[PDB]
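# An overview of the molecular structure
Residue-level listing of the chains:
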Amino acid sequence: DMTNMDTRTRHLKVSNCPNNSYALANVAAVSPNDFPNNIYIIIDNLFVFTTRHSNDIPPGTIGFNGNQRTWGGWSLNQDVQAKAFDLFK
Amino acid sequence: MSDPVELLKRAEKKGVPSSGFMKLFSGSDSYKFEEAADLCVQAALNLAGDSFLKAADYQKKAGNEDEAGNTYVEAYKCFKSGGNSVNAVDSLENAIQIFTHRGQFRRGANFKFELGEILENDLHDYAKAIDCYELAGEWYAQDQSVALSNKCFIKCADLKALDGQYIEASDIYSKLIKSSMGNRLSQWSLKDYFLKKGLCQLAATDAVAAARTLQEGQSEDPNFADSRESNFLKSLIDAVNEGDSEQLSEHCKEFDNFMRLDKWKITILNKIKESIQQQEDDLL
Amino acid sequence: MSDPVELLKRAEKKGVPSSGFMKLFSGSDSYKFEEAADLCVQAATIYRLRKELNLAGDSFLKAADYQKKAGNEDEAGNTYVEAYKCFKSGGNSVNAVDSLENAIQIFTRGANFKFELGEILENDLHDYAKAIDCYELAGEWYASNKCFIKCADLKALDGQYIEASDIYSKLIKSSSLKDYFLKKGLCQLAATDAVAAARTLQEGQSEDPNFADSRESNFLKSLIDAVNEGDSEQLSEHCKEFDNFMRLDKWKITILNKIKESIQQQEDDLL
Amino acid sequence: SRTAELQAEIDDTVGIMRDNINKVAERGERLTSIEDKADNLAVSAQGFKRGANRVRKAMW
Amino acid sequence: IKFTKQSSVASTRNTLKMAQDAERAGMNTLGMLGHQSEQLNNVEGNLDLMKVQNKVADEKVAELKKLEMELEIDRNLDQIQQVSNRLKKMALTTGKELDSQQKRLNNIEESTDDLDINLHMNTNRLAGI
C-alpha cells in the first residue's frame, strides 16, 4: 500500500553493499528510520528501487551494488537524492 | 683538553636552582643555567648527543628557547649519527616543539620531514611517519612552498597506500594533482599522480572511481591522455571490470617491459590481484 | 595564555609618547615603544596560535610601527615581513601588499620582497601595471633574468610590445635564449614591425647556433613570411603545426591573436 | 646513418647527464653543509647582538 | 614483416614520449637552478655586507676594550632527433651551472664559516667589558 508515505527528499551517501545476499535481492536496503518497508523509491528522479528494512545500514545512508553504480555512473561515498515514488500516478 | 666528565659534573653542580633562604640573596638562576649549558656544550657521538640534550634542557630552564632548539638539532644530528635513532627522534621532537612555539613552522616542517624519514627508514614506525609527512606538508602549504608540500604529500600518500589506507592516499593524490595542475615543472609528476590515484581507487575495489579519475586526467591533461600511464590504467580498469586476473598480470608485464614498476605499484597490484582472488572466493 | 586583547591594550597604553612636563622627567620614549612592540608581538603570536591570521598580522603591524618609533628599523622590517606572511596566509592580499611595501622601504631584501609583491599583485590583485613595475625594479636591483622574464611577459600581455622586446633583448644579451629570440620576434610582430622580427631572427641564427637549427627559428621565420604575405590562414596553419610538436602557452596565444586581429585590421585598411 | 647518429648523440647526452648527477650530488653536499653553517651564523649573529646590547646598557 | 614494422612504430612512439619526458624535466631543472643560483646571489650580498659590518664591529669592540608505418617511423625519428638535440644542449647546460654554482657555494661556505667566527670573537670580547 503506497497511498500514504513521507515524500520528503533525502540526501544519502552511496556505500558498498552490505553483502552478496543484499546485492542479489536488488533491493535498496534502508534503515527503519529512513523509509517504510517494501515501498518504491526513486533516486535522482531516474533510478527506482524497492526498499527493504536493514539494521546494518545506519539512517541517512543508502546501499548500492556495483551494477547500480555502473548504471548511474556513481562512485563510493557519492551523494544522491532520494524521494518516494508513485509509478501509477 | 678539559675532561668532558669533569665539565659535565661542574655543569650539574651549577645547574642546581637556588632554594630556600639563598633564593632571597642569589640573583636570577638564568645565568647559572647558561654557564651549565656552556660547560655541557664544551664537554659534549651518543655521549655528545646526551650532553647537547643536557645543555638544551639547561637553556630551556634559562629561557633561551632558540639556543635550546639549536642544541636539540645538534643532539638529533649526533644521535642519528651514532645510530641511536630513538634519541635523534626525541631531539627532533623537542626542536620541532620549540620552533613551532616560536612561529618557525618552516623549521618545524623541515625537521618533521626529517623525523618522518627517520621513522620510516630507521624505526619503521609507518603511522608516525605518515603523521609527520602530513603535518610537514600542511605547514609547507601554509608557507606556500608548493613543491615541498608536494614532496611531503607524495611521501604521505605512498605510506598511506602501503598501509591499507587507499581512500586517503587517493585523496592526497587528488590534492597533489590540483596543486601541480598548470605547472610546466610538475607535469610528469601529474602523469604518475593520476595513475597512482587510480591504482589506489582500484585497490579499494572502486573501479568506477578509477575510471572517473582516468577520464578526468585524459580530459584535463593532454600529456596524460597520450601517456602510457593512461593506457595502463585503462587496461587495469578493464581487467578488473572483466575480472580477468591473468589479463591484469599480462598488462602489468607489458607495462614493466617499457616502464619499470616500483615496489609501491607492486604492492598495490598484488593487493588488487588478491582482491580478485577474494572475489573468486565470494564467487563460491 | 595571556589575553591578546589585554596585551594590545597594555601596548597601546605604553605606546603613548611622553608629553609636556612629564617629558622633562621621563627618559627616552624608545623603551616604552619597545615594551609596547613586545606586548603586541606576544598577543600576535597568540593570535597566530589561534589561526586568527588577520588579527595576528594587524598586531605585527602595530609592533612594527612601535619599533619604527623606537628607532629599531631592522626589527620593524622583520615584523612587517611577518605581517606580510600571516596576511598572505590569511587571504588578506591588501594588507600583505602594504606590509611588503613597508618592509621593502625599510630594507632599501627589497628585491626579493618586491618580486613577491609583484607576484601578489599579478595573481591576487591583478594589478598588472604595479606587478610590472615591481618586477622591473627587482630585476634592476638584482642586476634579474627571471624578473625581466616576468616583466616582459606582463608588458607584452599589457600592450607594451616594444618594451617587452627591449627587455627580451636585455635577457638575450645577459644570457631561455632559444625562446627569448622567438618571444622577442613575436613581440616585434605584435607591433607590426616585421622588419624588426626578421632582424631578430637573423641575429639569433647568426649568433646562437642552437637557435639557428631550433624549431623556434623556423616557426618565427614562418610567422614573418606569413605576415609579409598577409596570409592569416597560413599563420594559423603554422601555429597549429608548432602546437602539434611544441605546445603553445597563453602568452603566445595572446600575442598571435593580437597579430591575427592586426591582419584583420589591415584587411579593414584594405577598404 | 641518421639513426646511428641519433643513437650516438643520445649516448653522449646520457654521459653528460651522468656527470650532472654526480655534480648535483656534490651540490647537495655543499648545500647541506652551508645550511647548517648559515644556522650557526644566525645563532652567532643573535648572540653578538645581545652581547653588544648588554655592553651598551653597561656603558650607559 | 608487418608485425615487425608495427613493433618499430610502437618503439619509436615510446622513445618520443620519453624524449619529451627528459625535456620537461630538464627545463624544470634549469628553471629551478636559475632561481636557486639567484637565492645564492642574495646570500652572497649579505655575506659581503656582514663582512663590512664585522670590520666596523672589530674597531668598535677594540675601542670599547681600550676604554604509412614507414612514414610514421621516419616522422617519429625526426621528432626524437629534434628533442634529442635539445636534450644534449640541456645536459651540457646543466653541467655549466653546476660547475659555476659549485665554486660559488664553496666561497659561500668559507665566507659564512669566517663571519660565524668573527661574530664569536667579538661576542667573547664584549662579554669581558
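Here's what I pulled together on the structure shown here. (Residues numbered from 1 in each chain as written, not as in the entry; some residues may be left out. Chains lettered and ligands numbered in written order. Part of a larger assembly, values for the part shown. Heavy atoms only, no water.)

## Quick word on the overall build of chain D
On a plain count of helices and strands, chain D comes out with 1 helix and 0 strands. The C-alpha atoms of chain D give a radius of gyration of 25 Å, which is well past the 10 Å a tight globule of 60 residues would have. A buried classification covers 22% of the 60 residues belonging to chain D. Total accessible area computed for chain D in this model is approximately 4,100 Å², and 54% of it derives from carbon and sulfur atoms. Within chain D, one finds 11 positive and 10 negative side-chain charges whose respective centroids are separated by 20 Å. (Helix = DSSP H or I, 4+ residues; strand = E, 2+ residues; numbered from the N terminus. Rg over C-alpha atoms; globule rule 2.2 N^0.38 Å. Buried < 20%, exposed > 50% of the residue type's maximum accessible area, 1.4 Å probe, protein only. Areas by Shrake-Rupley, 256 points an atom, 1.4 Å probe, with all protein chains shown as cover. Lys, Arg positive; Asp, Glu negative; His and termini not counted. Charge placed at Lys NZ, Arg CZ, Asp CG, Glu CD.)

## Quick look at the nonpolar core
Counting residues in hydrophobic clusters, the biggest one holds 76 residues, and the most contacted among them are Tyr168(C) and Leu256(C). Counting residues in each nonpolar core, the second largest holds 67 residues, with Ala88(B), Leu119(B), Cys156(B) and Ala161(B) among its members. (Core = buried A, V, L, I, M, F, W, Y, C linked by side-chain atoms within 4.5 Å.)

## Considering the interface of chain E and chain D
As a measure of interface size, the accessible area lost when the parts come together is often cited. Taken together, the contacts link 38 residues of chain E with 30 residues of chain D. Between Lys23(D) and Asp99(E) there is a salt bridge; the shortest N-O distance is 3.1 Å. Residue assignment for the side of chain E that touches chain D shows that the elements contributing at least two residues are α1 (2-66) and α2 (69-127) of chain E. Within the side of chain E that touches chain D, the residues separate by chemical class into 18 nonpolar, 13 polar and 7 charged. (Contact = heavy atoms within 4.5 Å. Salt bridge = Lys/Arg side-chain N within 4 Å of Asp/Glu carboxyl O. Nonpolar A, V, L, I, M, F, W, Y, C, P; charged D, E, K, R; others polar.)

## A word on the sheet that holds strand β4 (residues 47-53) of chain A
Residue and element names in this part refer to chain A. The strand order across the open sheet built from 6 strands is β2-β4-β3-β6-β1-β5, with neighbouring strands paired in mixed fashion. At either margin of the open sheet sits one strand with a lone partner, and together these are β2 (28-30) and β5 (61-63). Strand after strand, the sheet turns through a mean of 45 degrees between neighbouring axes, direction not considered. Two elements, strand β1 (residues 10-15) and β5, share 3 bridges in a ladder whose sense is parallel. Bridging across to β5, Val14 finds its partner in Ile62. (Pairing = 2+ DSSP bridges. Axes fitted to C-alpha atoms, helices over the stretch in contact; angles between N-to-C directions.)

## Focus on the pattern of salt bridges
Side-chain pairing between opposite charges can occur once the charged atoms of the two side chains come close. Residues and elements named next belong to chain B. According to the stated counting rule, one finds 39 salt bridges over all chains in the structure shown. Note that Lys160 and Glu168 form a salt bridge whose closest N and O atoms lie 3.1 Å from each other. The class of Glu168 is partly exposed, set by a relative accessible area of 34%. What emerges from the salt-bridge pattern is a single network uniting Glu65, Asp66 and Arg102.

## A short note on the packing of helix α4 (residues 73-89) of chain C against helix α6 (residues 110-125) of chain C
All names here are of chain C. Taken N-terminus to C-terminus, the directions of α4 and α6 make an angle of 25 degrees; their axes are 13 Å apart at the nearest point. By the angle class used here, α4 and α6 are roughly parallel. In the packing of α4 onto α6, the handedness of the crossing is left-handed. Here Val81, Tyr84 and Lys88 of α4 come into contact with α6, specifically with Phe113, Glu116 and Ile120. Considering only residue class, the contact of α4 with α6 consists of 4 nonpolar, no polar and 2 charged. (Parallel < 35°, antiparallel > 145°, perpendicular 65-115°, else oblique. Left-handed = near helix turned anticlockwise from the far one by under 90°.)

## Comments concerning the arrangement of the chains
When the 6 pairs of chains in contact are ranked by number of contacts, first place goes to chains D and E. Separating chain A from chain D is a minimum C-alpha gap of 43 Å, and the two share no contact. At the C-alpha level, the nearest point of chain A lies 32 Å from chain E, with no contact between them.

## With respect to the packing of aromatic side chains
Two measures describe an aromatic ring pair: the distance that separates the ring centres and the angle between the ring planes. All names here are of chain A. Tallied over the entire structure, the rule returns 19 aromatic pairs over all chains. Taken together, a centroid distance of 4.6 Å and an interplanar angle of 75 degrees make the contact between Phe47 and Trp71 edge-to-face. Of this pair, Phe47 sits in strand β4 while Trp71 sits in helix α2 (residues 66-72), and the two are 24 residues apart along the sequence. Of the residues examined, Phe47 reaches a relative accessible area of 9% and is grouped as buried. For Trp71, a relative accessible area of 53% gives the class exposed. Of the aromatic side chains, those joined through ring pairs into one cluster are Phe47, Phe49, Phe64, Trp71 and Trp74. (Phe/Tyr/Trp six-rings, centres within 6.5 Å; stacked < 30°, edge-to-face > 60°.)

## Thoughts on the pairing of strand β3 (residues 40-43) of chain A
Residues and elements named next belong to chain A. Relative to β4, β3 runs antiparallel, the two being bridged by 4 bridges. Residue pairing for β4: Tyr40 is matched across the bridge by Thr50. Counting the residues between successive antiparallel strands, the hairpin from β3 to β4 contains 3 residues, one of them, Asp44, with a positive phi of roughly 60 degrees. Bridge count for β3 against strand β6 (residues 79-84) is 3 bridges, and the pairing is antiparallel. What sits directly across from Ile43, in β6, is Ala82.

## Points about the interface of chain A and chain B
Taken residue by residue, the interface counts 5 residues in chain A and 6 residues in chain B. Together chain A and chain B conceal approximately 500 Å² of surface at their shared face, both sides included; 43% is due to carbon and sulfur atoms. Of all residues in chain A, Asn20(A), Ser75(A) and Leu76(A) give up the largest surface area on contact with chain B, accounting jointly for 65% of the area buried on that side. At the surface where chain A touches chain B, the tally comes to 0 salt bridges. At the junction of chain A with chain B, the criterion picks out 2 residue pairs in polar contact. Here the side of chain A that touches chain B is composed, by residue class, of 2 nonpolar, 3 polar and no charged. (Buried area = accessible area lost by both parts, 1.4 Å probe. Polar contact = N/O pair within 3.5 Å; in protein donor to acceptor, adjacent residues only side chain to side chain.)

## Describing helix α11 (residues 207-220) of chain B
Since there are 3.6 residues in each turn of an α-helix, residues three or four apart along the chain are aligned in direction. All names here are of chain B. The terminal C-alpha atoms of α11 lie 20 Å apart, and with 14 residues this matches the ideal 20 Å at 1.5 Å per residue to within 8%. If you check which residues of α11 are buried, you get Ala207, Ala209, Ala210, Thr213, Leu214 and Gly217. For α11, the angular spread of the buried residues around the axis is 160 degrees, confining them to a single face. Along α11, the residues that are exposed and aim more than 90 degrees away from the buried face are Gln215 and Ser219. Taken together, the buried residues of α11 touch α10 (187-203), α12 (222-225) and α13 (228-242). (Expected span 1.5 Å × (residues − 1). Arc of directions from axis to C-beta.)

## Some details on unusual backbone geometry
Non-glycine residue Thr205(B) carries a positive phi angle of around 70 degrees. Within the secondary structure, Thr205(B) is located in the loop between α10 and α11. Judged by relative accessible area, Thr205(B) falls into the partly exposed class, the value being 47%. For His126(C), which is not a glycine, the phi torsion comes out positive at approximately 60 degrees. Examined against the element boundaries, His126(C) turns out to sit in the loop between α6 and α7 (128-142).

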